[PDB]
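Working notes for the structure below.
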Amino acid sequence: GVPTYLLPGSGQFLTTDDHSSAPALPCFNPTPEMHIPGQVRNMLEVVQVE
Amino acid sequence: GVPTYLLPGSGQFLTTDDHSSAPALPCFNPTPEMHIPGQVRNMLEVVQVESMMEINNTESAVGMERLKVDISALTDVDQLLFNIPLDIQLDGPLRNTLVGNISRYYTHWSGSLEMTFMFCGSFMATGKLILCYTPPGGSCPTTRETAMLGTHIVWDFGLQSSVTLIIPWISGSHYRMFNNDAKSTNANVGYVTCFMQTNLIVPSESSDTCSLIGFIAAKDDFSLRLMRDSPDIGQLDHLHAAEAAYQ
Amino acid sequence: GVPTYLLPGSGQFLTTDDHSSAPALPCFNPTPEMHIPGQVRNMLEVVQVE
Amino acid sequence: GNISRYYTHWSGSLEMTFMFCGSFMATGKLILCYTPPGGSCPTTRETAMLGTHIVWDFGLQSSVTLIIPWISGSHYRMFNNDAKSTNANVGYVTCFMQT
Amino acid sequence: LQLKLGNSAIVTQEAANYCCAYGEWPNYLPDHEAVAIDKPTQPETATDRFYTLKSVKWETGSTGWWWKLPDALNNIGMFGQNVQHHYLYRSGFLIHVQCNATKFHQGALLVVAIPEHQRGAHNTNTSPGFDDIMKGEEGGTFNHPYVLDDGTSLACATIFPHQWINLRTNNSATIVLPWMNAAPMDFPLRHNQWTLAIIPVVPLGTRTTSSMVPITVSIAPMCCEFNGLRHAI
Amino acid sequence: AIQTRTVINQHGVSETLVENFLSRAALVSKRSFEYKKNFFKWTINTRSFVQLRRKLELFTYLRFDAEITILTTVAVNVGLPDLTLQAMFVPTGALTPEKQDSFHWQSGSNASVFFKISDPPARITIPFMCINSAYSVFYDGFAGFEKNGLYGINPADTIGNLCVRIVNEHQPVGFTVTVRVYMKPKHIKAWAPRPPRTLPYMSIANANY
Amino acid sequence: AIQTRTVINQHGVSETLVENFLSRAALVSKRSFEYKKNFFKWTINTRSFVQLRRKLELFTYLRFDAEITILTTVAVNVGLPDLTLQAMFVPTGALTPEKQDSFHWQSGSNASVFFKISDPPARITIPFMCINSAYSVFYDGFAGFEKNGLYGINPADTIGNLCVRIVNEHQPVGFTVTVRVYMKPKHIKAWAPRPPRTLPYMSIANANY
Amino acid sequence: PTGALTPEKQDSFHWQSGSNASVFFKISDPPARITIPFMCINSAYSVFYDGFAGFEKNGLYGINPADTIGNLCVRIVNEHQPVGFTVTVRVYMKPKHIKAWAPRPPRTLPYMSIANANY
């Protein structure tokens with residue numbers, strides 16, 4: 001097989017990392033999206049209101 | 001999944017490795033760059049700048065009186081003024097310069113140099129000097145006649161007030177060759193010595209004392225290798241607030 | 001990330017293996033080669049001498 | 001001032017709007033100054049007129065608009081221990097009674 | 001052979017060269033709308049005037065002089081008034097140092113300009129106060145010039161932009177200084193970027209005693225600008 | 001005192017570059033604490049050891065990243081059960097914990113790692129967090145305006161501080177923890193070279209002699 | 001009280017996005033149990049700590065995933081032999097175990113992880129399990145119809161609860177287990193912003209003052 | 001390497017020196033491994049050197065000053081513990097990228113010293 005070696009910083013837990021995860025419930029379809037009015041995408045749309 | 005196995009040397013920590021790391025703060029934009037003038041990219045742009053040396057190598061010269069040699073009117077002919085042992089690592093005129101502080105961090109050096117003198121007397125005063133270069137084999141000459149047969153130039157004062165003297169080639173290392181902690185000094189490469197050809201001639205109004213200033217600068221083939229740590233300051237002493245951070 | 005599993009024979013040390021290693025001094029240029037006369041490449045060039 | 005508590009550094013321009021809530025008959029004038037971040041707050045009307053002012057009355061309009069050019073800020077924990085260094089006071093908007 | 005800059009003009013110099021410190025001029029803030037967006041007033045006709053300082057005296061036992069360049073002009077003239085009621089500036093300078101002695105004097109100066117010269121007190125554990133740094137128009141004096149009052153030697157001090165005044169050959173020096181700071185605009189009453197320092201390496205001498213050999217320093221802000229004090233509403 | 005010689009032939013220029021003149025991961029902190037001040041707090045200044053302070057003061061402005069590596073070596077004062085640590089990085093504007101069980105360790109906003117002793121050592125890299133364009137090594141000014149400010153402290157220059165804590169509960173054994181921190185500057189851009197210092201240092205705050 | 005300044009130049013807009021305004025993995029539960037109630041049961045409400053409750057109540061409806069990370073730190077009340085844990089996730093409609101050795105731990109239908117202490121911590125992500133299209137943070141209604149229902153409890157809003165158990169048999173040593181749970185919301189879509197709360201909270205069930 | 005100082009005591013300040021390379025490995029890991037480049041300042045290692053490093057009349061015969069490499073130093077990092085233990089270190093060296101010149105006849109008589117070729 002492929003030969004590996006571990007770096008330092010292996011097996012830690014940052015609270016700001018971004019990695020994939022094992023889904024607890026595969027083959028589960030959530031309820032589909034609906035057009036709910038008034039979506040905010042950026043928090044500079046809040047500070048511009050008087 | 002993919003089948004793996006671990007090599008020996010897995011999970012160690014070299015202090016010289018280069019690998020990627022987990023960012024502590026993603027989605028953070030630093031302040032953008034700005035054109036700040038005078039960027040240095042290579043440390044051979046520092047050693048090529050001229051920087052004066054300490055010609056006055058006698059004892060009991062304290063302060064900034066080490067940077068100059070006086071040549072009084074009452075000085076007999078053929079008397080040696082100075083000599084520079086061309087050694088960077090050793091204590092002398094080239095210890096505390098700009099080429100002798102960057103080349104403490106590195107072990108091996110080899111390149112060519114460039115020396116420049118300058119005369120700081122009055123406008124009326126004249127006279128001549130003579131400037132020899134001894135190759136690394138032979139030893140330092142003591143009399144003027146035995147030094148003229150080397151590589152000399154005969155420089156006067158009235159025409160020019162600055163001269164240029166190309167040093168052809170130097171080299172060096174540190175040579176820890178034995179079992180215990182011993183030091184083997186490199187052999188003394190080269191000399192640059194200066195004799196008084198004729199007497200100094202001043203008028204009745206100027207002072208009878210003049211002065212010289214010497215400069216040094218490496219050329220564009222000065223090379224360095226194998227970085228180490230410099231002993232220049234001293235190990236450690238008392239810092240007044242040595243733990244500001246902890247409390 | 002990629003899913004792995006360890007084989008038996010993982011973390012041993014053969015004295016005859018051939019793998020890469022972490023350089024102790026990167027960014028270091030050795031002294032370049034020079035044509036030194038009389039290079040031997042195979043030890044059957046030694047047994048053919050009288 | 002509540003969204004910009006979650007963040008540390010802020011820099012931008014603002015926009016202030018006033019509105020008068022008197023009766024329909026009532027009149028009069030005001031004056032609205034803006035002090036740049038260098039100088040201090042003016043105390044009398046005459047020393048405040050020489051700044052950047054507008055002379056707003058009541059009978060014509062009942063709302064005004066005043067553009068604030070630029071602000072900035074941070075928090076500056078610069079020492080060894082736990083200390084707080086307040087940013088210096090940028091700007092003022094003051095109002096005097098003309099008539 | 002004259003430097004006519006605006007209102008004043010230093011006339012009748014010796015031949016001189018505009019050795020730019022490093023490789024740049026003032027440049028006038030090419031593009032920063034992200035910072036302090038009230039456009040800089042940029043005064044140009046009423047600041048550039050060669051504010052000449054007081055003449056200093058060079059005797060045998062003298063040891064050196066230093067000026068902090070945004071500090072030496074805070075109380076002098078039209079640049080001195082714009083330091084009050086403004087809090088951001090951006091300017092580069094021009095320095096013209098000229099001494100005058102006859103053909104019987106001998107000596108040498110080193111006219112060096114030092115960016116961010118953090119000084120140091122000798123033989124104590126206390127940082128220098130506000131009064132040992134903000135000296136003003138009169139400038140200061142090196143106590144230990146061989147180590148430049150911070151430990152870094154004078155023999156290596158030619159790494160900065162510098163010229164030599166050798167009284168055998170010339171008696172003039174000219175340095176042009178660009179904007180050397182990390183921030184785009186800076187605060188004039190508490191930060192000092194450059195530090196003009198002149199140090200006599202070879203002291204003077206003559207047959208008689210203590211000839212003065214007076215020196216003159218002249219400073220002129222090159223491409224200056226400030227914040228905006230006038231806005232629409 | 002044997003005086004020898006050897007001829008030297010070289011061709012390399014790319015060894016004196018500033019990018020690999022300062023990429024060497026020197027030690028910057030070493031402090032112990034006993035758990036039975038029960039934690040390790042350290043401001044991220046770089047002028048703590050004079051081997052790396054002199055090398056860093058050849059330049060006026062420079063710009064880099066941190067690459068912190070925390071190496072913890074424990075003892076019992078024979079075997080220690082599965083110790084877990086936390087290394088929270090506190091920038092400016094966020095509050096620092098003053099006690100081990102404070103509510104500032106539970107703060108979500110600042111980044112923290114959770115590493116065992118048996119693992120390889122922890123490692124995070126920290127971006128350029130000055131609000132100028134470069135770190136002013138030498139600052140010729142006053143933060144305090146009036147007449148009493150400390151000379152040469154740039155308020156824009158600071159980074160933060162990191163705090164290291166034993167996570168576990170009070171145990172009947174009491175043990176001694178030793179923390180070493182290795183910092184490795186990455187992506188160097190250095191400006192305006194300066195002459196190197198010869199006289200020895202006297203304080204950590206200023207350049208006395 | 002030193003008053004300083006520094007000029008600031010910025011260009012970034014993509015730091016205030018809602019996707020990376022709430023992606024920070026804050027702590028949501030911390031409770032100990034002694035094994036010699038011998039397990040850890042916790043409903044997956046999010047309004048337990050007020051640092052993250054106020055930040056989450058700026059919006060009316062939002063939609064995300066869970067990303068649970070369970071971090072267990074044990075002790076003996078010196079060395080512990082190879083402890084194995086189980087972290088069963090019980091949604092609505094499935095029964096919750098009331099005792100450690102119940103027959104509900106053997107139920108195949110709900111998902112469970114089996115992780116040692118010596119491993120890196122466990123991690124599962126949980127999909128969007130509301131039966132509306134978004135989580136109603138503020139609900140202006142009654143679940144109970146008649147005259148006695150609790151105000152502001154949405155029956156469609158609930159998620160489940162997770163239960164953590166020491167798997168091993170009764171051992172002659174008795175040890176204390178501490179469980180910490182870190183939740184990290186992923187794939188945020190938030191609607192209808194609301195003004196933030198100034199007065200302090202009084203209960204976990206409602207908005208009193 | 002040569003030119004850098006060697007530590008004489010366990011808690012010396014030469015272990016904190018950044019310039020020379022160091023590894024930090026536990027006992028429970030697989031063993032440590034670093035490769036070291038060709039650090040002679042000639043073009044090849046002189047195995048047999050027919051000369052004197054010391055010039056005058058007293059130099060050791062057959063020591064080439066350009067031939068040396070360095071030395072490595074191994075230290076327990078931890079603090080003083082109430083147990084005292086014995087450590088045994090083995091070093092395995094594996095030559096890579098061989099280029100050999102000028103073959104010589106092999107030695108029959110047994111060796112007498114580590115410094116020279118006596119018999």
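Ligands are numbered from 1 in the order shown, residues from 1 within each chain, and chains are lettered A, B, ... in the order they appear in the structure tokens.
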>> Please extract the residues of chain F with a backbone DSSP assignment of helix (DSSP H, G or I) and present them as a ChimeraX atom specification.
In response: /F:50-56
> Out of segment 69-189 of chain G, which residues get strand (DSSP E or B) from DSSP, as JSON, numbers by chain?
Replying inline: {"G": [69, 70, 71, 72, 73, 74, 75, 76, 84, 85, 86, 87, 88, 89, 90, 91, 112, 113, 114, 115, 116, 122, 123, 124, 125, 135, 136, 142, 151, 160, 161, 162, 163, 164, 165, 166, 175, 176, 177, 178, 179, 180, 181, 182, 183, 186, 187, 188, 189]}
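With the cut-off set to 7 Å and only C-alpha atoms counted, chain H residues close to chain F are residues 16, 18, 19, 41, 53, 54, 66 and 78 of chain H.
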If you keep C-alpha atoms, can you produce a file of those selected residues as a PDB file, in the first residue's frame?
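Contents of the output file result.pdb:
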```pdb
ATOM      1  CA  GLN H  16      18.351  26.129  22.765  1.00  0.00           C
ATOM      2  CA  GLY H  18      18.131  27.688  16.771  1.00  0.00           C
ATOM      3  CA  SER H  19      20.723  27.438  14.020  1.00  0.00           C
ATOM      4  CA  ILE H  41      34.607  21.245   1.390  1.00  0.00           C
ATOM      5  CA  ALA H  53      47.262  19.206   9.197  1.00  0.00           C
ATOM      6  CA  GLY H  54      49.750  20.673  11.647  1.00  0.00           C
ATOM      7  CA  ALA H  66      38.451  19.327   5.304  1.00  0.00           C
ATOM      8  CA  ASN H  78      12.280  15.822  30.911  1.00  0.00           C
TER       9      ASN H  78
END
```
> Using only C-alpha atoms, which of B:37, B:138, B:231, B:168 sits nearest chain E?
Replying inline: B:37
>> Between atom CA of residue 233 of chain B and atom CA of residue 197 of chain F, what distance in Å does the model show, to one decimal?
In response: 7.7 Å
For chain C versus chain F, which residues have an atom no more than 9 Å away, and what is each residue's nearest atom pair and distance in Å rounded to one decimal, using only C-alpha atoms, chain-then-number order, as CSV?
```
residue,atom,partner,partner_atom,distance
C:27,CA,F:15,CA,6.1
C:28,CA,F:15,CA,6.9
C:29,CA,F:12,CA,6.5
C:30,CA,F:10,CA,8.4
C:31,CA,F:10,CA,6.4
C:32,CA,F:10,CA,7.6
```
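Shortest atom-to-atom contact with residue 202 of chain B among E:106, E:181, E:211, E:143: E:106, counting only C-alpha atoms.
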>> I want to know what sits within 10 Å of residue 57 of chain G, based on only C-alpha atoms, with residues of the same chain fewer than 2 positions away left out; could you give that as number ranges by chain?
In response: G: 47, 52-55, 59-62, 137-138, 193-197
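Closest approach to chain D from the set F:180, F:116, F:123, F:41 is made by F:41, with distances taken over only C-alpha atoms.
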